[PDB]
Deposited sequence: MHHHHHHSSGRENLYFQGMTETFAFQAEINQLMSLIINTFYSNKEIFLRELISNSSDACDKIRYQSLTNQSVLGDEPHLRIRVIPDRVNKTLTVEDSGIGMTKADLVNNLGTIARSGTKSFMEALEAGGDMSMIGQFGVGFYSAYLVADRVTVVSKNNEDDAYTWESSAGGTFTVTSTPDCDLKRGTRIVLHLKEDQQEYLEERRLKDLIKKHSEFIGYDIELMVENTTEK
């Protein structure tokens, strides 16, 4: 079969190459980063709802969920936030990814560290510290649900995927050495340590 691939621009490639090919001890920061993006996405739709309450539609509860899958060996971070359009995905948020990436790479070279990734709005890329493949399912009110996928290596795909009423689901396929992010105690301790700074409830899926 045939697949259609988009190419990451130079900046994103440089950042991903750094994240993937360099040893970093504090990989655990990825969770906080993904939860930060979710909280910001909830804020955007919440800001829109202030003038027009119908933007929330059938999904009023603005929530962040952390869901491990021990069978498929994946970690999901989902939200009922603003969501992303085909355009946001195809373009990789365009200028915001390139600007954040140039400034972050600059910060790193000048004394900044990987833990500061989120301060540059590029925190999503920290997923690549623990994941070998990242799948981003998203749905915005103005568009249909689409799936962004990248195993890095300069390319990504954006496929039409119905259907998540509004928001984003980020599925991380964890690396063999990163299976600790499937353990309940690990995720609990990490989510608790960060929930104190997130203005939305963070749901962790627990093992029955």
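Undergrad: Without any C-alpha position in the structure, which residue ranges of the deposited sequence would you list, numbering from 1?
TA: Several stretches lack coordinates - namely 1-17, 181-182, 228-231, in sequence order.
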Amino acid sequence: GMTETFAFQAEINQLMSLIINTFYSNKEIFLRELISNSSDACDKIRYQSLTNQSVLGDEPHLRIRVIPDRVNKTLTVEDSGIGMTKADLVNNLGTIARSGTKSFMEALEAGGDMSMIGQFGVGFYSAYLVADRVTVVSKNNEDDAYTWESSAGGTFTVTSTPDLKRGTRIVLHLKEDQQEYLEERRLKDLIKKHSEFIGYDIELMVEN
From here on, numbers count along this sequence of modelled residues.
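Undergrad: Should the higher mean CA B-factor in the entry be assigned to 31-39 or to 137-145?
TA: Comparing 31-39 with 137-145, the higher average CA B-factor belongs to 137-145.
Undergrad: By the recorded C-alpha temperature factor, relative to the other modelled residues in its chain, which third is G94 in?
TA: It belongs to the highest third of the chain when residues are ordered by C-alpha B-factor.
Undergrad: Thinking about Cα B factors across the chain, which third does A131 belong to?
TA: For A131, the deposited C-alpha B-factor lands in the middle third.
Undergrad: Please place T22 in the lowest, middle or highest third of its chain by C-alpha B factor as given in the entry.
TA: For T22, the deposited C-alpha B-factor lands in the middle third.
Undergrad: Going by the recorded CA B-factors, say which third of the chain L187 sits in, lowest, middle or highest.
TA: Within its chain, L187 is a middle-third residue by C-alpha B-factor, going by the deposited values.
Undergrad: Where does the C-alpha B-factor of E203 rank in its chain, lowest, middle or highest third?
TA: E203: CA B-factor falls in the lowest third of its chain.
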